[PDB]
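Enquirer: One structure follows; several queries about it will come next.
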Amino acid sequence: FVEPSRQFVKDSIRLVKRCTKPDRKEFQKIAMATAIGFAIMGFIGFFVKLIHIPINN
Amino acid sequence: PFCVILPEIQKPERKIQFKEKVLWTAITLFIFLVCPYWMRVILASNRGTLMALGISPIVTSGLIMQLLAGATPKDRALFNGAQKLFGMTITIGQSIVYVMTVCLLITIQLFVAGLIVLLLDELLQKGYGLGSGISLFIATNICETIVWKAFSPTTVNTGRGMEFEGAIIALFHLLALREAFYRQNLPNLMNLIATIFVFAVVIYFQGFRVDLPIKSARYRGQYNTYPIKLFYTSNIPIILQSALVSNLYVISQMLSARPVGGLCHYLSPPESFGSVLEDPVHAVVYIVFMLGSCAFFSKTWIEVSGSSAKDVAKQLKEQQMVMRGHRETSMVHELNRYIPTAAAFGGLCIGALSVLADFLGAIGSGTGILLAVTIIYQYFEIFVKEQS
Amino acid sequence: XXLXXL
């Protein structure tokens with residue numbers, strides 16, 4: 001029957017309540033690295049698109 | 001021997017600094033970045049403009065030999081030439097069948113590209129570890145994310161309206177131009193908001209971890225922590241479900257003559273600006289399919305990848321690391337309290353993020369964005385080595 | 001090598 005599914009549910013709540021959620025202070029620095037990498041490499045993507053622009057015409 | 005007919009990368013036996021490291025791994029990234037469509041997310045063949053062969057030979061070169069085995073630097077020397085040889089054979093096979101999808105010029109060009117990329121695999125893997133295609137997905141996704149500012153002015157055709165000048169900033173043409181138009185043709189505002197929001201939510205969920213206390217066995221006093229990540233599998237469930245999506249839709253395209261027209265609507269990823277509800281049997285149940293799929297894939301990957309509770313306990317025993325209060329055998333139970341359910345809930349939550357990104361309609365159909373964030377975090381984790 | 005992963 002379904003009771004083990006509800007047991008899994010309460011397992012999930014217990015795990016989440018036991019998990020170490022990020023706070024604002026470390027979020028502000030962890031997301032910074034993601035933004036920096038995103039920008040620094042999307043820049044190279046945009047540059048190669050720009051270099052493709054003239055070779056077509 | 002038969003591997004004596006190929007070259008190989010030089011062995012790093014000296015200190016390998018960050019500057020020259022990006023000079024090796026992050027330079028000559030333009031070769032594939034020069035200039036069955038459901039596989040282009042993972043194999044950006046497209047029209048084969050010198051990018052038609054990635055990942056497909058990279059892993060297979062070794063894994064097909066390992067699989068057929070059932071049919072250390074010394075083993076490296078034994079297999080080094082042969083793995084590349086068979087990778088290039090299968091590369092030529094893929095090229096000729098893609099041609100099926102006189103023409104020797106294009107095939108040999110594809111072979112040259114594959115040769116360069118395979119020989120570069122070991123070059124990137126030494127040290128930082130960007131080989132195995134881990135960079136290709138982010139490379140093909142990052143352009144689809146950022147090049148909106150080039151797609152908006154470069155589209156010379158205007159259709160019924162006028163959009164030749166641009167869409168990011170074109171208010172002065174009418175201002176009064178209204179941005180509250182239909183969000184199906186060029187929805188810059190909604191796409192950007194969805195993209196940044198999904199980035200933010202996946203970052204927030206990414207720092208979820210459980211810190212198990214650990215102590216070194218002989219140095220009584222040295223305390224430490226061991227992290228159990230919430231996903232604990234990163235992209236594996238999403239990768240596997242993307243593989244199933246490909247194997248379904250490309251097969252449907254193959255069998256059509258033998259998804260959004262002329263085909264059954266039994267399974268499909270519901271896409272519509274805002275929302276659409278006409279038959280709940282597919283609009284909502286898609287969420288259940290995705291969630292169960294991701295959870296199952298994570299749960300089976302736990303056993304496949306050798307990251308189960310007992311395996312991790314054995315690794316910790318190998319490293320002499322122990323928990324303070326528990327017998328050397330009861331540590332397995334403490335890990336087991338989290339690891340399996342952590343993996344299952346990671347699958348569920350990552351699927352939920354996928355369906356939320358699909359609902360918001362972010363860039364790249366939600367999938368890949370999660371690959372994007374996980375790959376960036378993997379790069380960060382590798383960069384951690386420089387600081388430790 | 002045709003489709004995920006041959």
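Letters A, B, ... mark the chains of the structure tokens in the order given; residue numbers begin at 1 per chain; ligand numbers begin at 1, in order shown.
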For residue 76 of chain B, work out the shell of residues within 12 Å, counting only C-alpha atoms and skipping chain neighbours fewer than 2 positions away, then give it as a PyMOL selection string.
Expert: chain B and resi 3+8-9+11+62+72-74+78-84+122
Enquirer: For the selection you just gave me, I'd like the residues written to a file as a short mmCIF file (atom, residue, chain, number, x, y, z; two decimals), in the first residue's frame, keeping N, CA, C and O atoms.
Expert:
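Listed below is the output, result35.cif:
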```cif
data_model
loop_
_atom_site.label_atom_id
_atom_site.label_comp_id
_atom_site.auth_asym_id
_atom_site.auth_seq_id
_atom_site.Cartn_x
_atom_site.Cartn_y
_atom_site.Cartn_z
N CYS B 3 49.47 -0.16 -30.20
CA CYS B 3 49.22 1.23 -29.85
C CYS B 3 50.38 2.15 -30.20
O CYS B 3 50.34 3.34 -29.87
N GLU B 8 50.52 10.79 -27.94
CA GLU B 8 49.82 10.99 -26.68
C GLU B 8 50.35 12.24 -25.99
O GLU B 8 51.45 12.72 -26.28
N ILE B 9 49.54 12.78 -25.08
CA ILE B 9 49.89 14.02 -24.39
C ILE B 9 51.04 13.77 -23.42
O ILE B 9 51.28 12.65 -22.97
N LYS B 11 53.16 13.91 -19.93
CA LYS B 11 52.82 13.62 -18.53
C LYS B 11 53.16 14.81 -17.64
O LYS B 11 54.30 15.30 -17.69
N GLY B 62 37.18 4.99 -24.84
CA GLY B 62 37.57 4.05 -23.81
C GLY B 62 36.43 3.14 -23.37
O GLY B 62 36.65 1.95 -23.11
N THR B 72 46.57 2.99 -13.39
CA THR B 72 48.03 2.89 -13.45
C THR B 72 48.56 3.35 -14.80
O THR B 72 47.91 3.16 -15.83
N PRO B 73 49.75 3.96 -14.80
CA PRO B 73 50.37 4.36 -16.07
C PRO B 73 50.68 3.18 -16.99
O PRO B 73 50.82 3.39 -18.20
N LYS B 74 50.81 1.97 -16.46
CA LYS B 74 51.07 0.81 -17.31
C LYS B 74 49.85 0.46 -18.16
O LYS B 74 49.97 0.23 -19.37
N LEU B 78 49.23 0.70 -22.16
CA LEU B 78 48.65 -0.40 -22.92
C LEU B 78 47.50 0.08 -23.81
O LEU B 78 47.39 -0.35 -24.96
N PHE B 79 46.65 0.96 -23.29
CA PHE B 79 45.41 1.31 -23.99
C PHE B 79 45.45 2.65 -24.72
O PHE B 79 44.49 2.97 -25.43
N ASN B 80 46.53 3.44 -24.58
CA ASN B 80 46.48 4.84 -24.98
C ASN B 80 46.27 5.00 -26.49
O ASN B 80 45.37 5.73 -26.92
N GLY B 81 47.10 4.34 -27.30
CA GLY B 81 46.93 4.45 -28.74
C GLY B 81 45.64 3.80 -29.22
O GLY B 81 44.94 4.35 -30.07
N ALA B 82 45.33 2.62 -28.69
CA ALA B 82 44.20 1.84 -29.19
C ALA B 82 42.87 2.55 -28.94
O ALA B 82 41.97 2.51 -29.78
N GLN B 83 42.72 3.18 -27.77
CA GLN B 83 41.46 3.86 -27.48
C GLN B 83 41.21 4.98 -28.48
O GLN B 83 40.10 5.12 -29.00
N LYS B 84 42.25 5.77 -28.79
CA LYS B 84 42.10 6.80 -29.81
C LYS B 84 41.82 6.20 -31.18
O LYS B 84 40.98 6.71 -31.92
N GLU B 122 42.73 14.69 -23.51
CA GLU B 122 43.74 14.46 -22.48
C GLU B 122 44.44 15.75 -22.08
O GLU B 122 44.86 15.90 -20.93
#
```
Enquirer: Would you write out, as JSON lines, a table of all residues in chain A that have an atom no more than 6 Å from an atom of chain B, listing for each the closest atom pair and the distance in Å to one decimal, considering only C-alpha atoms and ordering rows by chain and rising residue number?
Expert:
```
{"residue": "A:19", "atom": "CA", "partner": "B:210", "partner_atom": "CA", "distance": 4.9}
{"residue": "A:20", "atom": "CA", "partner": "B:209", "partner_atom": "CA", "distance": 5.4}
{"residue": "A:21", "atom": "CA", "partner": "B:208", "partner_atom": "CA", "distance": 5.2}
{"residue": "A:22", "atom": "CA", "partner": "B:207", "partner_atom": "CA", "distance": 5.6}
{"residue": "A:42", "atom": "CA", "partner": "B:142", "partner_atom": "CA", "distance": 5.4}
{"residue": "A:45", "atom": "CA", "partner": "B:143", "partner_atom": "CA", "distance": 5.2}
{"residue": "A:46", "atom": "CA", "partner": "B:147", "partner_atom": "CA", "distance": 5.9}
{"residue": "A:48", "atom": "CA", "partner": "B:35", "partner_atom": "CA", "distance": 5.8}
{"residue": "A:49", "atom": "CA", "partner": "B:35", "partner_atom": "CA", "distance": 5.7}
{"residue": "A:52", "atom": "CA", "partner": "B:35", "partner_atom": "CA", "distance": 4.5}
```
Enquirer: Could you dump the residues just selected with N, CA and C atoms as a PDB file, in the first residue's frame?
Expert:
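Saved to part22.pdb:
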```
ATOM      1  N   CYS A  19      19.180  19.664   7.069  1.00  0.00           N
ATOM      2  CA  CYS A  19      20.136  20.152   6.090  1.00  0.00           C
ATOM      3  C   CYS A  19      20.583  21.564   6.439  1.00  0.00           C
ATOM      4  N   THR A  20      21.804  21.899   6.025  1.00  0.00           N
ATOM      5  CA  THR A  20      22.399  23.203   6.315  1.00  0.00           C
ATOM      6  C   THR A  20      22.106  24.139   5.148  1.00  0.00           C
ATOM      7  N   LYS A  21      21.046  24.925   5.289  1.00  0.00           N
ATOM      8  CA  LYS A  21      20.675  25.864   4.246  1.00  0.00           C
ATOM      9  C   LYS A  21      21.660  27.030   4.214  1.00  0.00           C
ATOM     10  N   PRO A  22      21.981  27.555   3.034  1.00  0.00           N
ATOM     11  CA  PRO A  22      22.861  28.727   2.970  1.00  0.00           C
ATOM     12  C   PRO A  22      22.198  29.945   3.591  1.00  0.00           C
ATOM     13  N   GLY A  42      30.331  33.522 -21.329  1.00  0.00           N
ATOM     14  CA  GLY A  42      29.406  34.062 -22.307  1.00  0.00           C
ATOM     15  C   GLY A  42      30.016  35.186 -23.113  1.00  0.00           C
ATOM     16  N   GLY A  45      31.735  33.447 -25.867  1.00  0.00           N
ATOM     17  CA  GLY A  45      30.697  33.031 -26.802  1.00  0.00           C
ATOM     18  C   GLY A  45      30.236  34.165 -27.702  1.00  0.00           C
ATOM     19  N   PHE A  46      29.979  35.333 -27.110  1.00  0.00           N
ATOM     20  CA  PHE A  46      29.545  36.487 -27.890  1.00  0.00           C
ATOM     21  C   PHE A  46      30.627  36.945 -28.858  1.00  0.00           C
ATOM     22  N   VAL A  48      32.951  35.049 -30.297  1.00  0.00           N
ATOM     23  CA  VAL A  48      33.038  34.155 -31.449  1.00  0.00           C
ATOM     24  C   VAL A  48      31.821  34.323 -32.353  1.00  0.00           C
ATOM     25  N   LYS A  49      30.653  34.653 -31.789  1.00  0.00           N
ATOM     26  CA  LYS A  49      29.516  34.989 -32.644  1.00  0.00           C
ATOM     27  C   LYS A  49      29.807  36.231 -33.482  1.00  0.00           C
ATOM     28  N   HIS A  52      31.979  35.312 -36.255  1.00  0.00           N
ATOM     29  CA  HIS A  52      31.223  34.643 -37.310  1.00  0.00           C
ATOM     30  C   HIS A  52      30.437  35.634 -38.156  1.00  0.00           C
TER      31      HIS A  52
END
```
Enquirer: Which residue, B:50, B:294, B:180, B:244, has the smallest gap to chain C when you use only C-alpha atoms?
Expert: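 The shortest atom-to-atom distance to chain C comes from B:244.
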Enquirer: Once you count only C-alpha atoms, which residues of chain C turn out to be within 7 Å of chain B? Could you give them as a PyMOL selection string?
Expert: chain C and resi 1+3-4
Enquirer: Between atom CA of residue 371 of chain B and atom CA of residue 19 of chain B, what is the spacing in Å?
Expert: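 These two atoms are separated by 26.0 Å.
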